[PDB]
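This is upload_3.tsv (TSV, C-alpha atoms).
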chain	number	residue	atom	x	y	z
D	1	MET	CA	-60.42	26.82	18.34
D	2	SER	CA	-59.22	27.27	14.77
D	3	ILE	CA	-62.74	28.47	14.03
D	4	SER	CA	-64.55	31.29	15.82
D	5	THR	CA	-62.04	33.98	14.92
D	6	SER	CA	-61.95	37.45	16.48
D	7	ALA	CA	-64.30	38.63	13.73
D	8	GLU	CA	-66.81	35.87	14.49
D	9	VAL	CA	-66.50	36.58	18.23
D	10	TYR	CA	-67.20	40.31	17.96
D	11	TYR	CA	-69.96	39.64	15.43
D	12	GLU	CA	-71.55	37.29	17.97
D	13	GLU	CA	-71.16	39.89	20.72
D	14	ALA	CA	-72.80	42.38	18.38
D	15	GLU	CA	-75.67	39.95	17.86
D	16	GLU	CA	-75.94	39.56	21.64
D	17	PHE	CA	-76.23	43.30	22.27
D	18	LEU	CA	-78.35	43.83	19.16
D	19	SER	CA	-80.89	41.42	20.61
D	20	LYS	CA	-80.31	42.76	24.12
D	21	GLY	CA	-81.91	46.06	23.21
D	22	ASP	CA	-78.90	48.27	22.59
D	23	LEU	CA	-78.03	49.01	18.98
D	24	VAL	CA	-75.28	51.45	19.91
D	25	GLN	CA	-72.94	49.18	21.90
D	26	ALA	CA	-73.48	46.50	19.26
D	27	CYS	CA	-72.11	48.80	16.56
D	28	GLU	CA	-68.68	48.89	18.21
D	29	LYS	CA	-68.52	45.11	17.88
D	30	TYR	CA	-69.71	45.30	14.26
D	31	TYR	CA	-66.93	47.79	13.55
D	32	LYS	CA	-64.28	45.71	15.32
D	33	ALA	CA	-65.55	42.55	13.62
D	34	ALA	CA	-64.96	44.29	10.29
D	35	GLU	CA	-61.59	45.49	11.56
D	36	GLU	CA	-60.50	41.93	12.32
D	37	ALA	CA	-61.72	40.74	8.92
D	38	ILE	CA	-59.58	43.41	7.26
D	39	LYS	CA	-56.60	42.36	9.40
D	40	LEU	CA	-57.14	38.77	8.26
D	41	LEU	CA	-57.44	39.87	4.63
D	42	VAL	CA	-54.22	41.90	4.81
D	43	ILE	CA	-52.36	38.71	5.69
D	44	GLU	CA	-54.32	36.48	3.32
D	45	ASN	CA	-54.07	38.74	0.25
D	46	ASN	CA	-50.51	39.60	1.27
D	47	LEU	CA	-50.48	43.37	1.49
D	48	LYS	CA	-46.73	43.77	1.94
D	49	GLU	CA	-46.89	47.54	1.50
D	50	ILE	CA	-49.35	47.65	4.38
D	51	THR	CA	-47.30	45.38	6.63
D	52	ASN	CA	-44.21	47.49	5.88
D	53	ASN	CA	-46.20	50.44	7.20
D	54	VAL	CA	-47.34	48.66	10.36
D	55	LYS	CA	-43.89	47.14	10.87
D	56	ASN	CA	-42.86	50.67	11.82
D	57	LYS	CA	-45.07	50.41	14.87
D	58	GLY	CA	-45.66	47.59	17.32
D	59	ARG	CA	-49.39	47.32	16.69
D	60	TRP	CA	-51.98	48.08	14.01
D	61	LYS	CA	-53.24	51.62	13.49
D	62	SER	CA	-56.52	53.05	12.14
D	63	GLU	CA	-55.07	54.75	9.04
D	64	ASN	CA	-53.02	51.61	8.39
D	65	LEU	CA	-56.25	49.62	8.28
D	66	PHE	CA	-57.84	52.32	6.13
D	67	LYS	CA	-54.87	52.14	3.76
D	68	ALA	CA	-55.27	48.37	3.52
D	69	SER	CA	-58.99	48.72	2.82
D	70	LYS	CA	-58.24	51.43	0.25
D	71	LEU	CA	-56.51	48.78	-1.84
D	72	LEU	CA	-57.88	45.29	-2.65
D	73	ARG	CA	-60.07	46.91	-5.31
D	74	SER	CA	-58.73	44.32	-7.74
D	75	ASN	CA	-60.47	41.77	-5.50
D	76	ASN	CA	-63.58	43.60	-4.28
D	77	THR	CA	-64.43	47.21	-5.09
D	78	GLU	CA	-66.70	47.74	-2.07
D	79	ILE	CA	-63.99	46.99	0.52
D	80	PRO	CA	-62.82	50.67	0.92
D	81	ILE	CA	-66.44	51.83	0.88
D	82	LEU	CA	-67.64	49.35	3.50
D	83	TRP	CA	-64.76	50.12	5.85
D	84	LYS	CA	-65.31	53.85	5.37
D	85	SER	CA	-69.00	53.34	6.14
D	86	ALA	CA	-68.15	51.54	9.40
D	87	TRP	CA	-65.62	54.30	10.10
D	88	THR	CA	-68.44	56.83	9.70
D	89	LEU	CA	-70.53	55.24	12.47
D	90	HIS	CA	-67.82	55.83	15.06
D	91	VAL	CA	-66.66	59.24	13.82
D	92	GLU	CA	-70.16	60.71	13.58
D	93	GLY	CA	-70.99	59.65	17.13
D	94	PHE	CA	-71.28	63.34	17.99
D	95	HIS	CA	-71.31	62.42	21.70
D	96	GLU	CA	-75.02	61.65	21.42
D	97	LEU	CA	-74.73	58.13	20.02
D	98	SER	CA	-77.93	57.96	18.03
D	99	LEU	CA	-77.07	55.02	15.80
D	100	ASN	CA	-80.32	53.82	14.26
D	101	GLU	CA	-81.17	50.37	12.95
D	102	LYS	CA	-81.65	51.93	9.54
D	103	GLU	CA	-77.90	52.39	9.23
D	104	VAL	CA	-77.20	49.12	11.06
D	105	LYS	CA	-79.15	47.11	8.46
D	106	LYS	CA	-76.72	48.36	5.82
D	107	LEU	CA	-73.48	48.00	7.78
D	108	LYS	CA	-74.44	44.59	9.15
D	109	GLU	CA	-74.79	43.29	5.60
D	110	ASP	CA	-71.57	45.01	4.54
D	111	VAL	CA	-69.64	43.62	7.51
D	112	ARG	CA	-71.35	40.30	6.79
D	113	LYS	CA	-69.60	40.45	3.42
D	114	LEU	CA	-66.20	40.98	5.05
D	115	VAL	CA	-66.50	38.37	7.79
D	116	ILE	CA	-67.81	35.57	5.58
D	117	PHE	CA	-65.15	36.54	3.04
D	118	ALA	CA	-62.16	36.52	5.39
D	119	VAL	CA	-63.26	33.25	7.00
D	120	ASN	CA	-63.79	31.75	3.52
D	121	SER	CA	-60.32	33.01	2.64
D	122	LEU	CA	-59.03	31.29	5.76
D	123	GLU	CA	-61.02	28.17	4.87
D	124	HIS	CA	-60.80	27.04	8.50
D	125	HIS	CA	-64.34	25.96	9.39
D	126	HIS	CA	-65.17	23.03	7.13
D	127	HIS	CA	-63.77	21.70	3.84
D	128	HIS	CA	-66.10	23.69	1.58
D	129	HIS	CA	-66.23	27.18	0.09

As a first step, turn the structure in this file into structure tokens.
Amino acid sequence: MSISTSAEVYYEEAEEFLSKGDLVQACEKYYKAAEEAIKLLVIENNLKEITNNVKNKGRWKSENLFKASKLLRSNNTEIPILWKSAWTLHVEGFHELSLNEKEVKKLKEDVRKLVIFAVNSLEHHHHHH
């Protein structure tokens, strides 16, 4: 209810497909799980300059999320890098989606950083960091 956020949901769907036998379809959920975590962090860390930018539109946009991830270096330096790495997986699809586990093992850990971080920043799960 208050737990099992969009990030957790997509991460779980990624786990489902990862274990189903398809690494490719799972990667979209990994990416979107990271996306949600960023969205959560924008609100949590209060990125007013980012919300001003999205306030122009009615919904969130890719470069807006990238801009948000660009910052936050005063909190975690890998944030822009991890997001950019997830970005890479979708951009370098090249029509022939040949996403290997080799890359997944990295991104899964990097997204694992984001998800556990955003949920720990939300603190809605159990009274404990």

**For atom CA of residue 113 of chain D and atom CA of residue 37 of chain D, the interatomic separation in Å (one decimal)** = 9.6 Å

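Close to (-64.0, 34.3, 16.3), meaning no more than 12 Å away when counting only C-alpha atoms, sit the residues residues 1, 2, 3, 4, 5, 6, 7, 8, 9, 10, 11, 12, 13, 29, 32, 33, 34, 36, 37, 40, 115, 116, 118, 119, 124 and 125 of chain D.
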
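The two atoms in question, atom CA of residue 15 of chain D and atom CA of residue 89 of chain D, are spaced 17.0 Å apart.
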
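Atom pair atom CA of residue 120 of chain D / atom CA of residue 43 of chain D: separated by 13.6 Å.
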
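All residues of protein, DNA or RNA that reach within 12 Å of residue 18 of chain D, judged by only C-alpha atoms and not counting those fewer than 5 positions away in the chain, are residues 10, 11, 12, 13, 23, 24, 25, 26, 27, 28, 29, 30, 99, 100, 101, 104, 105 and 108 of chain D.
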
**Item:** segment 58-65 of chain D surroundings by only C-alpha atoms, 8 Å radius, close-in-sequence under 3 positions cut, as a PyMOL selection string
**Value:** chain D and resi 35+38-39+50+53-55+68-69

Expected file contents, prior selection, C-alpha atoms, as a short mmCIF file (atom, residue, chain, number, x, y, z; two decimals), in the coordinates of the input:
data_model
loop_
_atom_site.label_atom_id
_atom_site.label_comp_id
_atom_site.auth_asym_id
_atom_site.auth_seq_id
_atom_site.Cartn_x
_atom_site.Cartn_y
_atom_site.Cartn_z
CA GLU D 35 -61.59 45.49 11.56
CA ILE D 38 -59.58 43.41 7.26
CA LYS D 39 -56.60 42.36 9.40
CA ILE D 50 -49.35 47.65 4.38
CA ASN D 53 -46.20 50.44 7.20
CA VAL D 54 -47.34 48.66 10.36
CA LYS D 55 -43.89 47.14 10.87
CA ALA D 68 -55.27 48.37 3.52
CA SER D 69 -58.99 48.72 2.82
#

**Residue among D:110, D:71, D:83, D:66 lying closest to residue 48 of chain D, counting only C-alpha atoms** =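 Nearest to residue 48 of chain D: D:71.
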
**Request:** Excluding residue 107 of chain D and residues on its chain fewer than 5 positions from it, collect all residues at most 9 Å away from it, counting only C-alpha atoms, and give them as a list in words.
**Result:**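 Within the cut-off, the hits are residues 27, 30, 31, 82, 85, 86 and 112 of chain D.
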
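Compared by their closest atoms to residue 41 of chain D, and using only C-alpha atoms, the residues D:57, D:91, D:98, D:79 rank with D:79 nearest.
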
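Between residue 75 of chain D and the residues D:16, D:44, D:49, D:109, the shortest atom-to-atom distance, using all atoms listed in the file, involves D:44.
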